[PDB]
Amino acid sequence: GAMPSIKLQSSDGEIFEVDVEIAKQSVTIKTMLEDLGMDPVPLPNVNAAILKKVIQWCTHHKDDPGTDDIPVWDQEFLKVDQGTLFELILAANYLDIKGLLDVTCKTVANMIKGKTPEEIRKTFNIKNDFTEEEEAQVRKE
Amino acid sequence: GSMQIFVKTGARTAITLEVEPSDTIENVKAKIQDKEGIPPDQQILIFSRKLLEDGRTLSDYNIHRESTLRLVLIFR
Amino acid sequence: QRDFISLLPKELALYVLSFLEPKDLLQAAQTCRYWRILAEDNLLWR
């Protein structure tokens with residue numbers, strides 16, 4: 001019942017030992033392991049912190065069967081600053097980990113919902129390059 | 001001139017390229033650089049679970065219209 | 001100057017916005033020009 005492990009190398013050089021079943025939730029890592037025979041797997045665009053996050057997410061979702069509501073654990077896991085969330089989106093996309101990408105993107109989406117334009121601007125520090133006429137115009141669908 | 005291919009760069013990201021079956025893999029990587037700024041020496045292209053060699057051509061790997069390559073990154 | 005969404009690859013930003021309902025989308029389209037473009041793009045297929 002105990003699986004073999006592979007190695008992942010973050011862009012800073014740190015090497016992480018990960019159960020192969022857990023690591024292969026990443027299709028990217030799966031193909032670099034199986035088809036390219038790279039071990040440790042170079043990840044020049046994922047830093048150690050983000051990689052730690054990704055690995056603990058995958059480790060947590062290790063035994064997942066297969067509705068749209070975000071599980072509380074994932075919610076708490078994503079109670080992070082916007083920078084981490086951003087890099088988690090990038091990493092989840094590059095690593096091809098569909099679930100993590102979905103839940104993170106939906107988290108950002110949830111940061112947009114139920115807000116006025118200016119509130120969204122405050123949330124994501126958006127610079128307004130609309131003039132009064134464009135604002136009046138965008139009012140219309 | 002004038003074949004169209006796809007390079008999967010992530011779960012939801014892709015690069016669209018216009019190529020010729022006589023184009024080398026290095027030409028493909030070069031176009032990839034021109035469109036994304038990734039240096040060719042950091043690019044690994046994969047088709048049908050096999051590494052694509054810079055010297056070879058799309059034809060040698062039997063890559064045709066609407067074929068999907070996979071881009072993966074390594075250290076410089 | 002950029003923001004969270006405009007820094008993402010287009011597909012991922014669009015993917016983020018795709019989880020929003022038409023009303024939220026419309027609210028998002030007023031924040032700035034770029035956001036307007038992406039939001040309106042998501043209004044197709046709805």
# chains A, B, ... in the order shown; residues from 1 in each chain; ligands from 1
call {"tool": "residues_around", "arguments": {"residues": "residue C:33", "least_positions_apart": "3", "cutoff": "7 Å", "atoms": "only C-alpha atoms", "output": "number ranges by chain"}}
result
A: 129-130; C: 36-37
call {"tool": "select_by_dssp", "arguments": {"residues": "chain B", "states": "alpha helix (DSSP H)", "output": "MDAnalysis selection string"}}
result
chainID B and resid 25:36
call {"tool": "write_last_selection", "arguments": {"atoms": "N, CA, C and O atoms", "output": "mmCIF file, in the first residue's frame"}}
result
data_model
loop_
_atom_site.group_PDB
_atom_site.id
_atom_site.type_symbol
_atom_site.label_atom_id
_atom_site.label_comp_id
_atom_site.auth_asym_id
_atom_site.auth_seq_id
_atom_site.Cartn_x
_atom_site.Cartn_y
_atom_site.Cartn_z
ATOM 1 N N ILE B 25 11.937 21.422 -36.068
ATOM 2 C CA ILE B 25 11.477 21.624 -34.703
ATOM 3 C C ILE B 25 12.080 22.904 -34.132
ATOM 4 O O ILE B 25 11.447 23.594 -33.333
ATOM 5 N N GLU B 26 13.303 23.218 -34.551
ATOM 6 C CA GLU B 26 13.960 24.446 -34.118
ATOM 7 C C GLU B 26 13.238 25.677 -34.656
ATOM 8 O O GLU B 26 13.184 26.710 -33.988
ATOM 9 N N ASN B 27 12.683 25.570 -35.861
ATOM 10 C CA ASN B 27 11.898 26.669 -36.413
ATOM 11 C C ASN B 27 10.630 26.853 -35.594
ATOM 12 O O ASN B 27 10.231 27.979 -35.300
ATOM 13 N N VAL B 28 10.008 25.737 -35.224
ATOM 14 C CA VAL B 28 8.821 25.765 -34.377
ATOM 15 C C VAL B 28 9.115 26.458 -33.052
ATOM 16 O O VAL B 28 8.398 27.373 -32.651
ATOM 17 N N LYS B 29 10.173 26.013 -32.377
ATOM 18 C CA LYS B 29 10.609 26.631 -31.129
ATOM 19 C C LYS B 29 10.901 28.120 -31.308
ATOM 20 O O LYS B 29 10.626 28.924 -30.420
ATOM 21 N N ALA B 30 11.476 28.476 -32.453
ATOM 22 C CA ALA B 30 11.771 29.871 -32.761
ATOM 23 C C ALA B 30 10.489 30.699 -32.835
ATOM 24 O O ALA B 30 10.412 31.793 -32.271
ATOM 25 N N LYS B 31 9.486 30.172 -33.533
ATOM 26 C CA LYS B 31 8.186 30.831 -33.617
ATOM 27 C C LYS B 31 7.577 30.975 -32.224
ATOM 28 O O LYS B 31 7.029 32.028 -31.876
ATOM 29 N N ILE B 32 7.677 29.907 -31.437
ATOM 30 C CA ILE B 32 7.234 29.918 -30.046
ATOM 31 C C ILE B 32 7.890 31.060 -29.270
ATOM 32 O O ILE B 32 7.228 31.751 -28.499
ATOM 33 N N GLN B 33 9.190 31.257 -29.476
ATOM 34 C CA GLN B 33 9.888 32.379 -28.855
ATOM 35 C C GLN B 33 9.321 33.705 -29.342
ATOM 36 O O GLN B 33 9.130 34.632 -28.557
ATOM 37 N N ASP B 34 9.051 33.789 -30.640
ATOM 38 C CA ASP B 34 8.577 35.034 -31.233
ATOM 39 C C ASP B 34 7.206 35.413 -30.693
ATOM 40 O O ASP B 34 6.850 36.590 -30.653
ATOM 41 N N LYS B 35 6.441 34.412 -30.272
ATOM 42 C CA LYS B 35 5.081 34.656 -29.813
ATOM 43 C C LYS B 35 4.950 34.689 -28.288
ATOM 44 O O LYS B 35 3.961 35.195 -27.761
ATOM 45 N N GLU B 36 5.944 34.162 -27.574
ATOM 46 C CA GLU B 36 5.850 34.078 -26.116
ATOM 47 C C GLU B 36 7.105 34.524 -25.367
ATOM 48 O O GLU B 36 7.051 34.780 -24.165
#
call {"tool": "closest_atom_pairs", "arguments": {"of": "chain C", "to": "chain B", "cutoff": "12 Å", "atoms": "only C-alpha atoms", "output": "CSV"}}
result
residue,atom,partner,partner_atom,distance
C:8,CA,B:13,CA,10.8
C:9,CA,B:13,CA,7.6
C:10,CA,B:13,CA,8.4
C:11,CA,B:13,CA,6.1
C:12,CA,B:12,CA,6.9
C:13,CA,B:12,CA,10.5
C:14,CA,B:12,CA,10.3
C:15,CA,B:12,CA,8.4
C:16,CA,B:12,CA,11.4
call {"tool": "residues_around", "arguments": {"residues": "stretch 22-25 of chain C", "least_positions_apart": "2", "cutoff": "8 Å", "atoms": "only C-alpha atoms", "output": "PyMOL selection string"}}
result
(chain A and resi 112-115) or (chain C and resi 17+20+27-29+39-40+42-43+46)
call {"tool": "write_last_selection", "arguments": {"atoms": "N, CA and C atoms", "output": "mmCIF file, in the first residue's frame"}}
result
data_model
loop_
_atom_site.group_PDB
_atom_site.id
_atom_site.type_symbol
_atom_site.label_atom_id
_atom_site.label_comp_id
_atom_site.auth_asym_id
_atom_site.auth_seq_id
_atom_site.Cartn_x
_atom_site.Cartn_y
_atom_site.Cartn_z
ATOM 1 N N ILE A 112 -14.783 38.728 -7.238
ATOM 2 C CA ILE A 112 -15.449 39.733 -8.076
ATOM 3 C C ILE A 112 -16.957 39.877 -7.793
ATOM 4 N N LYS A 113 -17.635 38.757 -7.548
ATOM 5 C CA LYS A 113 -19.100 38.723 -7.432
ATOM 6 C C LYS A 113 -19.699 39.705 -6.422
ATOM 7 N N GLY A 114 -20.918 40.156 -6.707
ATOM 8 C CA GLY A 114 -21.689 40.969 -5.781
ATOM 9 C C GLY A 114 -21.072 42.307 -5.426
ATOM 10 N N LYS A 115 -20.310 42.880 -6.353
ATOM 11 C CA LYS A 115 -19.661 44.166 -6.114
ATOM 12 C C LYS A 115 -19.965 45.216 -7.173
ATOM 13 N N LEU C 17 -13.310 34.876 -15.322
ATOM 14 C CA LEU C 17 -14.539 35.639 -15.506
ATOM 15 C C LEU C 17 -15.726 34.746 -15.874
ATOM 16 N N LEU C 20 -18.553 33.954 -13.425
ATOM 17 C CA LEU C 20 -19.433 35.043 -13.017
ATOM 18 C C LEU C 20 -20.703 35.012 -13.835
ATOM 19 N N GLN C 27 -20.934 44.183 -14.160
ATOM 20 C CA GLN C 27 -20.254 45.003 -13.158
ATOM 21 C C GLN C 27 -18.746 45.017 -13.392
ATOM 22 N N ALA C 28 -18.218 43.882 -13.837
ATOM 23 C CA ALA C 28 -16.789 43.731 -14.076
ATOM 24 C C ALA C 28 -16.351 44.524 -15.302
ATOM 25 N N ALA C 29 -17.252 44.651 -16.270
ATOM 26 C CA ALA C 29 -16.942 45.320 -17.529
ATOM 27 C C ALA C 29 -16.781 46.835 -17.381
ATOM 28 N N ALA C 39 -14.790 40.760 -20.352
ATOM 29 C CA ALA C 39 -16.151 40.532 -19.878
ATOM 30 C C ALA C 39 -17.141 40.414 -21.034
ATOM 31 N N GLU C 40 -17.044 41.334 -21.990
ATOM 32 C CA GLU C 40 -17.925 41.292 -23.151
ATOM 33 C C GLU C 40 -17.657 40.057 -23.990
ATOM 34 N N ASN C 42 -16.852 37.230 -22.734
ATOM 35 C CA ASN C 42 -17.589 36.202 -21.996
ATOM 36 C C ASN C 42 -19.110 36.302 -22.113
ATOM 37 N N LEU C 43 -19.619 37.494 -22.413
ATOM 38 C CA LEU C 43 -21.053 37.667 -22.667
ATOM 39 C C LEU C 43 -21.544 36.909 -23.901
ATOM 40 N N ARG C 46 -23.590 33.335 -23.780
ATOM 41 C CA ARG C 46 -24.525 33.554 -22.665
ATOM 42 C C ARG C 46 -25.714 34.409 -23.096
#
call {"tool": "interface_residues", "arguments": {"of": "chain A", "to": "chain C", "cutoff": "8 Å", "atoms": "only C-alpha atoms", "output": "VMD selection string"}}
result
chain A and resid 82 86 89 to 90 105 to 106 108 to 110 112 to 118 120 to 121 124 to 130 135 138 to 139 141
call {"tool": "closest_residue", "arguments": {"among": "B:37, B:19, B:54, B:76", "to": "chain A", "atoms": "only C-alpha atoms"}}
result
B:76
call {"tool": "interface_residues", "arguments": {"of": "chain B", "to": "chain A", "cutoff": "9 Å", "atoms": "only C-alpha atoms", "output": "count of residues only"}}
result
14
call {"tool": "residues_around", "arguments": {"residues": "residue A:47", "least_positions_apart": "3", "cutoff": "7 Å", "atoms": "only C-alpha atoms", "output": "list in words"}}
result
residues 10, 11, 12, 50 and 51 of chain A
call {"tool": "write_last_selection", "arguments": {"atoms": "C-alpha atoms", "output": "CSV table (one decimal), in the first residue's frame"}}
result
chain,number,residue,atom,x,y,z
A,10,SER,CA,11.5,24.2,-8.0
A,11,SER,CA,13.0,27.2,-9.8
A,12,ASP,CA,15.1,28.1,-6.7
A,50,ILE,CA,4.1,27.7,-4.5
A,51,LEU,CA,5.3,24.2,-5.1
call {"tool": "residues_around", "arguments": {"residues": "residue B:18", "least_positions_apart": "2", "cutoff": "10 Å", "atoms": "only C-alpha atoms", "output": "list in words"}}
result
residues 1, 2, 3, 4, 5, 6, 16, 20, 28, 31 and 65 of chain B
call {"tool": "atom_distance", "arguments": {"atom1": "atom CA of residue B:66", "atom2": "atom CA of residue B:7"}}
result
9.9 Å
call {"tool": "atom_distance", "arguments": {"atom1": "atom CA of residue B:22", "atom2": "atom CA of residue B:39"}}
result
21.5 Å
